[PDB]
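Quick look at start_17.cif (mmCIF, C-alpha atoms and all ligand atoms):
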data_model
loop_
_atom_site.label_atom_id
_atom_site.label_comp_id
_atom_site.auth_asym_id
_atom_site.auth_seq_id
_atom_site.Cartn_x
_atom_site.Cartn_y
_atom_site.Cartn_z
CA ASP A 3 8.07 -34.05 -10.32
CA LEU A 4 5.72 -31.34 -9.06
CA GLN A 5 3.16 -33.86 -7.86
CA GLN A 6 4.95 -34.19 -4.52
CA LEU A 7 4.51 -30.48 -3.80
CA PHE A 8 0.81 -30.55 -4.66
CA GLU A 9 0.31 -33.65 -2.55
CA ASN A 10 2.37 -32.10 0.25
CA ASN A 11 0.15 -29.02 0.16
CA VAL A 12 -3.14 -30.94 0.38
CA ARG A 13 -1.78 -32.92 3.35
CA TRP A 14 -0.58 -29.76 5.12
CA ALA A 15 -3.81 -27.80 4.63
CA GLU A 16 -6.04 -30.74 5.67
CA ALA A 17 -3.92 -31.50 8.73
CA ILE A 18 -4.22 -27.88 9.83
CA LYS A 19 -7.98 -27.89 9.25
CA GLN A 20 -8.48 -30.86 11.55
CA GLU A 21 -6.64 -29.15 14.41
CA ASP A 22 -8.37 -25.81 13.69
CA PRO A 23 -10.95 -25.87 10.88
CA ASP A 24 -11.21 -22.07 10.83
CA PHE A 25 -7.46 -21.46 10.64
CA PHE A 26 -7.29 -20.22 7.07
CA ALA A 27 -10.75 -18.62 7.13
CA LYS A 28 -9.77 -16.39 10.05
CA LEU A 29 -6.37 -15.59 8.59
CA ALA A 30 -7.81 -14.63 5.21
CA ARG A 31 -9.98 -11.83 6.65
CA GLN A 32 -7.12 -9.45 7.44
CA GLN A 33 -3.35 -9.08 7.15
CA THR A 34 -1.80 -8.00 10.46
CA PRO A 35 1.85 -9.07 10.58
CA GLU A 36 3.92 -7.28 13.21
CA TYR A 37 7.19 -7.90 11.33
CA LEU A 38 8.77 -7.38 7.91
CA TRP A 39 11.58 -9.81 7.06
CA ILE A 40 14.19 -8.64 4.56
CA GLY A 41 16.47 -11.56 3.87
CA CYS A 42 18.37 -13.55 1.30
CA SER A 43 16.80 -15.84 -1.29
CA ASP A 44 19.21 -18.63 -0.19
CA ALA A 45 17.05 -21.75 0.13
CA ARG A 46 18.59 -22.50 3.52
CA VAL A 47 17.21 -19.35 5.14
CA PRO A 48 13.38 -19.68 5.28
CA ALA A 49 12.05 -16.88 7.52
CA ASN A 50 8.98 -18.36 9.26
CA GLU A 51 10.72 -21.58 10.31
CA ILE A 52 13.85 -19.86 11.62
CA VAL A 53 11.95 -17.65 14.09
CA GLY A 54 9.06 -20.04 14.75
CA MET A 55 6.32 -17.93 13.15
CA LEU A 56 3.03 -18.99 11.55
CA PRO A 57 1.38 -17.80 8.33
CA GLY A 58 0.13 -14.26 8.94
CA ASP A 59 3.06 -13.24 11.17
CA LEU A 60 5.82 -12.15 8.75
CA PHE A 61 5.60 -9.92 5.66
CA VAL A 62 8.58 -11.12 3.59
CA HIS A 63 11.01 -9.82 1.00
CA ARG A 64 13.89 -12.03 -0.12
CA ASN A 65 16.49 -11.23 -2.78
CA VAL A 66 20.10 -12.22 -3.45
CA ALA A 67 22.22 -11.11 -0.46
CA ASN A 68 19.36 -9.10 1.16
CA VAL A 69 20.25 -5.87 -0.63
CA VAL A 70 18.25 -2.69 -0.13
CA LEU A 71 18.67 0.08 -2.70
CA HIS A 72 17.06 3.50 -2.71
CA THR A 73 16.23 3.27 -6.43
CA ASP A 74 14.75 -0.24 -6.22
CA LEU A 75 10.94 -0.08 -6.27
CA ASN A 76 10.80 -3.87 -5.81
CA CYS A 77 12.22 -3.88 -2.26
CA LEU A 78 11.09 -0.33 -1.48
CA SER A 79 7.47 -1.16 -2.28
CA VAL A 80 7.53 -4.06 0.18
CA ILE A 81 8.94 -1.71 2.83
CA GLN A 82 6.44 1.02 2.01
CA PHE A 83 3.46 -1.33 2.09
CA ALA A 84 4.71 -2.85 5.34
CA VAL A 85 5.32 0.54 6.99
CA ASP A 86 2.47 2.69 5.60
CA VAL A 87 -0.34 0.17 5.09
CA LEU A 88 0.26 -2.86 7.34
CA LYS A 89 2.02 -0.73 9.98
CA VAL A 90 4.52 -3.39 10.98
CA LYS A 91 6.36 -2.58 14.20
CA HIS A 92 9.70 -4.14 13.25
CA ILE A 93 11.84 -4.60 10.17
CA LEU A 94 14.14 -7.61 10.48
CA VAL A 95 17.14 -7.24 8.16
CA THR A 96 18.59 -10.75 8.25
CA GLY A 97 21.69 -11.76 6.28
CA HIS A 98 23.44 -15.10 6.67
CA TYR A 99 26.94 -16.49 6.93
CA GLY A 100 28.30 -18.22 3.82
CA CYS A 101 26.17 -16.07 1.51
CA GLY A 102 27.01 -16.77 -2.14
CA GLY A 103 26.00 -13.26 -3.16
CA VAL A 104 28.43 -11.77 -0.66
CA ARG A 105 31.10 -14.31 -1.64
CA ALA A 106 30.70 -13.41 -5.32
CA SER A 107 31.31 -9.74 -4.42
CA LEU A 108 34.76 -10.65 -3.08
CA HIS A 109 35.77 -12.57 -6.18
CA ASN A 110 36.32 -11.39 -9.73
CA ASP A 111 34.19 -13.74 -11.80
CA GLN A 112 31.38 -12.26 -13.90
CA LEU A 113 28.04 -13.84 -13.06
CA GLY A 114 26.09 -11.67 -15.50
CA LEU A 115 23.09 -9.56 -14.50
CA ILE A 116 23.69 -10.20 -10.82
CA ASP A 117 27.07 -8.43 -11.07
CA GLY A 118 25.15 -5.14 -11.05
CA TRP A 119 22.93 -6.21 -8.16
CA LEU A 120 25.94 -7.01 -5.98
CA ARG A 121 27.73 -3.68 -6.69
CA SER A 122 26.95 -2.14 -3.31
CA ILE A 123 28.47 -5.17 -1.57
CA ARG A 124 31.57 -4.97 -3.75
CA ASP A 125 31.74 -1.29 -2.67
CA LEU A 126 31.65 -2.43 0.95
CA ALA A 127 34.48 -4.91 0.39
CA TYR A 128 36.48 -2.03 -1.07
CA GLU A 129 35.62 0.38 1.76
CA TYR A 130 36.68 -2.25 4.33
CA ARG A 131 39.55 -3.73 2.34
CA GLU A 132 42.07 -2.93 5.08
CA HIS A 133 39.95 -4.66 7.72
CA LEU A 134 39.21 -7.69 5.50
CA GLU A 135 42.88 -8.03 4.47
CA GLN A 136 43.81 -8.72 8.09
CA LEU A 137 41.59 -11.81 8.05
CA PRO A 138 43.60 -14.92 7.06
CA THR A 139 40.98 -17.13 5.34
CA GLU A 140 38.48 -16.54 2.52
CA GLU A 141 35.68 -17.91 4.69
CA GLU A 142 36.42 -15.38 7.44
CA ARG A 143 36.47 -12.56 4.93
CA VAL A 144 33.15 -13.67 3.46
CA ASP A 145 31.51 -14.07 6.87
CA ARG A 146 32.72 -10.68 8.07
CA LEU A 147 31.52 -9.03 4.85
CA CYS A 148 28.16 -10.77 5.48
CA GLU A 149 27.98 -8.96 8.82
CA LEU A 150 29.11 -5.65 7.34
CA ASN A 151 26.44 -6.01 4.66
CA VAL A 152 23.61 -6.55 7.15
CA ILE A 153 24.77 -3.48 9.10
CA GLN A 154 24.84 -1.40 5.90
CA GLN A 155 21.38 -2.63 4.86
CA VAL A 156 19.98 -1.67 8.28
CA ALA A 157 21.32 1.84 7.60
CA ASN A 158 19.85 1.81 4.06
CA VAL A 159 16.38 0.89 5.35
CA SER A 160 16.48 3.43 8.22
CA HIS A 161 17.50 6.23 5.82
CA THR A 162 14.50 5.78 3.54
CA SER A 163 11.93 8.57 3.60
CA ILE A 164 9.43 5.71 4.10
CA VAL A 165 10.90 4.96 7.52
CA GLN A 166 11.76 8.57 8.46
CA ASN A 167 8.22 9.76 7.64
CA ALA A 168 6.80 6.95 9.77
CA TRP A 169 8.90 8.38 12.60
CA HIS A 170 7.96 12.00 11.79
CA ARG A 171 4.33 11.10 12.32
CA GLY A 172 4.97 9.31 15.61
CA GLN A 173 4.68 5.75 14.36
CA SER A 174 6.55 3.13 16.40
CA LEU A 175 9.08 1.35 14.16
CA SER A 176 12.44 -0.31 14.73
CA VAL A 177 14.92 -1.63 12.16
CA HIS A 178 17.04 -4.56 13.32
CA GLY A 179 20.06 -6.28 11.85
CA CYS A 180 20.50 -10.00 12.41
CA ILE A 181 22.56 -12.74 10.87
CA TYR A 182 21.66 -16.38 10.44
CA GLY A 183 24.12 -19.27 10.72
CA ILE A 184 23.42 -21.87 8.06
CA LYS A 185 25.95 -24.08 9.87
CA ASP A 186 24.10 -24.08 13.20
CA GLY A 187 20.56 -22.78 12.72
CA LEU A 188 21.18 -19.81 14.99
CA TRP A 189 19.70 -16.36 14.30
CA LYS A 190 21.96 -13.79 16.00
CA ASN A 191 21.37 -10.10 16.81
CA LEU A 192 24.10 -7.80 15.43
CA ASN A 193 22.84 -5.10 17.81
CA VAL A 194 22.48 -2.22 15.38
CA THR A 195 18.81 -1.47 15.98
CA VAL A 196 17.49 1.91 14.84
CA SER A 197 14.22 3.22 16.27
CA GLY A 198 14.28 6.98 15.78
CA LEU A 199 15.45 10.01 13.81
CA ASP A 200 17.95 11.03 16.46
CA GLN A 201 20.01 7.92 15.66
CA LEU A 202 20.57 9.04 12.07
CA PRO A 203 23.58 11.08 10.91
CA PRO A 204 22.62 14.69 10.07
CA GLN A 205 23.69 14.14 6.44
CA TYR A 206 20.91 11.54 6.06
CA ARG A 207 18.03 13.05 8.06
CA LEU A 208 15.10 14.37 6.05
CA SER A 209 12.86 17.20 7.22
CA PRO A 210 9.18 16.32 7.67
CA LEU A 211 6.99 16.83 4.60
ZN ZN A 301 22.69 -15.37 0.63
#
Represent the structure contained in this file as structure tokens.
Amino acid sequence: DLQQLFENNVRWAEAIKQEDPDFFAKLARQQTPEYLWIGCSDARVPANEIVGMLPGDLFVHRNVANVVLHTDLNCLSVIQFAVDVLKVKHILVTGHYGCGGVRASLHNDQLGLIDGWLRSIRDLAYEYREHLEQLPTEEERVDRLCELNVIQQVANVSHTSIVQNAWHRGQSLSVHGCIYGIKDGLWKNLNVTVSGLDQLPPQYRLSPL
């Protein structure tokens, strides 16, 4: 029954209008979010609510297991629009514990199309197989891989020519990695923030255009 959503929407918009009748009118005149959220599609990880933001505050991309690929124009176009046009100051790469996408990457069932999408996470599980082997439970392995994934995705974002060129031209921009706890509602910093070219390995740095 869709009717509940439509009715919910009317109630929400009208309620807002009575507290501030110009709320949407002002918002609609320009888009000026300071943040881009790159997160998982998981229904339990809604960006605005988790960090207490309002409409207008967060440009958002969400996909299964918050994966950022350098050949993916879907995610890359959100990043490029955020960085080059909206000039967001921060990119929030937020993964979450108990991520089904990450979990799937540790198991050997075929899920179909998504098998290809999760390849880079499967690669990570292989790269860190020694580390993950020393963890006794499946849940610990999944949760650690969730962290490792966020840290990798922060690297993937920072290595884009989109981000590096923003830096080359003196634009202020930081990429952060955070992880959300679906079990406790807490959004935690993984402390892997990148804010400049000097923090990149030489093998990944691009010369200015
Ligand atoms: Zn997820």
Q: Can you pull out every residue within 6 Å of region 136-152 of chain A, counting only C-alpha atoms, but drop anything in the same chain fewer than 5 positions away, and send it as a ChimeraX atom specification?
A: /A:97,99,105,179
Kindly assemble as CSV a list of the chain A residues that lie within 7 Å of ligand ZN 301 (chain A), each paired with its nearest atom pair and their distance in Å to one decimal, using all atoms listed in the file, sorted first by chain and then by ascending residue number.
residue,atom,partner,partner_atom,distance
A:42,CA,A:ZN301,ZN,4.7
A:43,CA,A:ZN301,ZN,6.2
A:44,CA,A:ZN301,ZN,4.8
A:66,CA,A:ZN301,ZN,5.8
A:67,CA,A:ZN301,ZN,4.4
A:97,CA,A:ZN301,ZN,6.8
A:98,CA,A:ZN301,ZN,6.1
A:101,CA,A:ZN301,ZN,3.7
A:102,CA,A:ZN301,ZN,5.3
A:103,CA,A:ZN301,ZN,5.5
A:104,CA,A:ZN301,ZN,6.9
Q: Tell me, in Å to one decimal, how far CA of residue 181 (chain A) is from CA of residue 158 (chain A).
A: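 For CA of residue 181 (chain A) relative to CA of residue 158 (chain A), the distance reads 16.3 Å.
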Residue neighbourhood residue 172 (chain A), 12 Å, only C-alpha atoms, exclusion window fewer than 4 positions, as a PDB file with C-alpha atoms, keeping the file's coordinate frame:
ATOM      1  CA  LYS A  89       2.020  -0.730   9.980  1.00  0.00           C
ATOM      2  CA  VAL A 165      10.900   4.960   7.520  1.00  0.00           C
ATOM      3  CA  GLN A 166      11.760   8.570   8.460  1.00  0.00           C
ATOM      4  CA  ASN A 167       8.220   9.760   7.640  1.00  0.00           C
ATOM      5  CA  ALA A 168       6.800   6.950   9.770  1.00  0.00           C
ATOM      6  CA  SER A 197      14.220   3.220  16.270  1.00  0.00           C
ATOM      7  CA  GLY A 198      14.280   6.980  15.780  1.00  0.00           C
ATOM      8  CA  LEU A 199      15.450  10.010  13.810  1.00  0.00           C
ATOM      9  CA  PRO A 210       9.180  16.320   7.670  1.00  0.00           C
TER      10      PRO A 210
END
(Q) If we count only C-alpha atoms and set the cut-off at 10 Å, which residues sit around region 10-27 of chain A, ignoring sequence neighbours fewer than 5 positions away in its own chain? Please answer as a count of residues only. (A) 5
Q: Please indicate the distance in Å from CA of residue 38 (chain A) to CA of residue 83 (chain A), rounded to one decimal place.
A: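 The value is 9.9 Å.
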Q.
One number please: CA of residue 126 (chain A) to CA of residue 50 (chain A), in Å, one decimal.
A. 28.9 Å
Q | Selected residue, from A:196, A:55, A:93, A:7, that lies nearest to residue 80 (chain A) when counting all atoms listed in the file | A |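 Ranking A:196, A:55, A:93, A:7 by distance to residue 80 (chain A), first place goes to A:93.
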Return the padded bounding box of region 81-100 of chain A as lines of an AutoDock Vina configuration file: axis-aligned, built from all atoms listed in the file, 3 Å added on each side, with centre and edge lengths in Å to one decimal.
center_x = 14.0
center_y = -7.8
center_z = 8.1
size_x = 34.6
size_y = 26.9
size_z = 18.2
Could you rebuild region 8-27 of chain A with N, CA, C and O atoms and give it back as an mmCIF file, in the frame of the given file?
data_model
loop_
_atom_site.group_PDB
_atom_site.id
_atom_site.type_symbol
_atom_site.label_atom_id
_atom_site.label_comp_id
_atom_site.auth_asym_id
_atom_site.auth_seq_id
_atom_site.Cartn_x
_atom_site.Cartn_y
_atom_site.Cartn_z
ATOM 1 N N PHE A 8 2.264 -30.661 -4.702
ATOM 2 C CA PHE A 8 0.810 -30.550 -4.660
ATOM 3 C C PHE A 8 0.252 -31.472 -3.588
ATOM 4 O O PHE A 8 -0.641 -31.091 -2.826
ATOM 5 N N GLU A 9 0.785 -32.687 -3.528
ATOM 6 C CA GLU A 9 0.310 -33.650 -2.550
ATOM 7 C C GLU A 9 0.704 -33.189 -1.152
ATOM 8 O O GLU A 9 -0.090 -33.284 -0.223
ATOM 9 N N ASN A 10 1.920 -32.671 -1.018
ATOM 10 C CA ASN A 10 2.370 -32.100 0.250
ATOM 11 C C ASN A 10 1.426 -31.016 0.744
ATOM 12 O O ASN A 10 1.060 -30.979 1.926
ATOM 13 N N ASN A 11 1.051 -30.127 -0.166
ATOM 14 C CA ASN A 11 0.150 -29.020 0.160
ATOM 15 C C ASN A 11 -1.220 -29.468 0.661
ATOM 16 O O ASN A 11 -1.729 -28.941 1.661
ATOM 17 N N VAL A 12 -1.829 -30.426 -0.037
ATOM 18 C CA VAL A 12 -3.140 -30.940 0.380
ATOM 19 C C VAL A 12 -3.062 -31.521 1.793
ATOM 20 O O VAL A 12 -3.915 -31.244 2.631
ATOM 21 N N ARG A 13 -2.016 -32.297 2.047
ATOM 22 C CA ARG A 13 -1.780 -32.920 3.350
ATOM 23 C C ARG A 13 -1.588 -31.882 4.461
ATOM 24 O O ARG A 13 -2.103 -32.028 5.564
ATOM 25 N N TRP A 14 -0.846 -30.824 4.158
ATOM 26 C CA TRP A 14 -0.580 -29.760 5.120
ATOM 27 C C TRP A 14 -1.851 -28.969 5.458
ATOM 28 O O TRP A 14 -2.176 -28.758 6.634
ATOM 29 N N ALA A 15 -2.583 -28.559 4.426
ATOM 30 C CA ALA A 15 -3.810 -27.800 4.630
ATOM 31 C C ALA A 15 -4.860 -28.627 5.413
ATOM 32 O O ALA A 15 -5.494 -28.131 6.346
ATOM 33 N N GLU A 16 -5.032 -29.887 5.030
ATOM 34 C CA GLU A 16 -6.040 -30.740 5.670
ATOM 35 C C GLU A 16 -5.687 -31.024 7.119
ATOM 36 O O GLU A 16 -6.566 -31.007 7.985
ATOM 37 N N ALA A 17 -4.409 -31.278 7.376
ATOM 38 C CA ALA A 17 -3.920 -31.500 8.730
ATOM 39 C C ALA A 17 -4.219 -30.299 9.613
ATOM 40 O O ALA A 17 -4.683 -30.447 10.740
ATOM 41 N N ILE A 18 -3.957 -29.106 9.092
ATOM 42 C CA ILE A 18 -4.220 -27.880 9.830
ATOM 43 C C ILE A 18 -5.714 -27.736 10.127
ATOM 44 O O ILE A 18 -6.103 -27.330 11.221
ATOM 45 N N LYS A 19 -6.540 -28.082 9.144
ATOM 46 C CA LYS A 19 -7.980 -27.890 9.250
ATOM 47 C C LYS A 19 -8.589 -28.799 10.317
ATOM 48 O O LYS A 19 -9.608 -28.472 10.920
ATOM 49 N N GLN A 20 -7.962 -29.941 10.551
ATOM 50 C CA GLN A 20 -8.480 -30.860 11.550
ATOM 51 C C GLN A 20 -8.108 -30.426 12.963
ATOM 52 O O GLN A 20 -8.845 -30.701 13.905
ATOM 53 N N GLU A 21 -6.988 -29.727 13.114
ATOM 54 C CA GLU A 21 -6.640 -29.150 14.410
ATOM 55 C C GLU A 21 -7.416 -27.850 14.663
ATOM 56 O O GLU A 21 -7.807 -27.558 15.790
ATOM 57 N N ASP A 22 -7.632 -27.071 13.605
ATOM 58 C CA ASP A 22 -8.370 -25.810 13.690
ATOM 59 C C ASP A 22 -9.015 -25.554 12.340
ATOM 60 O O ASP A 22 -8.372 -25.033 11.428
ATOM 61 N N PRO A 23 -10.288 -25.952 12.193
ATOM 62 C CA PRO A 23 -10.950 -25.870 10.880
ATOM 63 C C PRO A 23 -11.118 -24.440 10.373
ATOM 64 O O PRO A 23 -11.314 -24.261 9.177
ATOM 65 N N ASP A 24 -11.027 -23.448 11.249
ATOM 66 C CA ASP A 24 -11.210 -22.070 10.830
ATOM 67 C C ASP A 24 -9.892 -21.360 10.566
ATOM 68 O O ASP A 24 -9.893 -20.162 10.317
ATOM 69 N N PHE A 25 -8.779 -22.088 10.658
ATOM 70 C CA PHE A 25 -7.460 -21.460 10.640
ATOM 71 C C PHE A 25 -7.266 -20.516 9.463
ATOM 72 O O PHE A 25 -6.898 -19.354 9.635
ATOM 73 N N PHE A 26 -7.511 -21.019 8.259
ATOM 74 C CA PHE A 26 -7.290 -20.220 7.070
ATOM 75 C C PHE A 26 -8.396 -19.179 6.920
ATOM 76 O O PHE A 26 -8.126 -18.041 6.546
ATOM 77 N N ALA A 27 -9.632 -19.559 7.232
ATOM 78 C CA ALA A 27 -10.750 -18.620 7.130
ATOM 79 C C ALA A 27 -10.504 -17.367 7.968
ATOM 80 O O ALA A 27 -10.754 -16.259 7.511
#
